[PDB]
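Protein chains in written order, with the deposited numbering: chain L, 290 to 338; chain J, 194 to 241.
This report concerns only the one structure given below.
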């Protein structure tokens, strides 16, 4: 063997980015889900008048 | 399925149907078996 990978899991998420394009309505990642797309969400500017 | 077995093969219109503004909807591809495209005739001079 010439490669050693490491298997680990994290609780990652996305706090400010929505999905521009999704292949199919299903989750449970498959090969096609390799190539989805995402777009950052619009800025918001709450404050005092 | 209008006749319960329908779906008779719909083809491209002669004039406009091959749309220059479509293609694969994912960064990777599946390399479909058959594909279609548009091209001019030699009568029209070629321009960039």
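In this text, a Cβ means the ideal position worked out from N, Cα and C, and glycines have one as well.
For residue j and residue i, the rounded distance between their alpha carbons
i: residue 296 of chain L; j: residue 326 of chain L; result: 25 Å
i: residue 222 of chain J; j: residue 317 of chain L; result: 20 Å
i: residue 315 of chain L; j: residue 308 of chain L; result: 14 Å
i: residue 330 of chain L; j: residue 303 of chain L; result: 11 Å
i: residue 321 of chain L; j: residue 238 of chain J; result: 42 Å
i: residue 292 of chain L; j: residue 202 of chain J; result: 50 Å
i: residue 204 of chain J; j: residue 240 of chain J; result: 30 Å
Backbone secondary structure at residue i - three-state DSSP
i: residue 328 of chain L; result: strand
i: residue 323 of chain L; result: helix
Residue span of the beta strand (DSSP E) that contains residue i, given as start and end
i: residue 264 of chain L; result: Lying outside 290 to 338, the shown extent of chain L, residue 264 of chain L is not represented and no answer is given.
Any non-hydrogen atom of the ligand ZN closer than 7 Å to residue i Cβ
i: residue 318 of chain L; result: This structure does not include the ligand ZN; it has no bound ligands of any sort.
Taking a cut of 7 Å between CB atoms, which residues from the segment 319 to 334 of chain L lie near chain J? Taking a C-beta cut-off of 7 Å against chain J, the contacting residues of the segment 319 to 334 of chain L are 321, 323 and 324, listed in chain order.
Note down, in chain order, all residues in the segment 219 to 232 of chain J with a beta-carbon under 8 Å from any beta-carbon belonging to chain L. Cβ contacts with chain L come from 219, 220 and 221.
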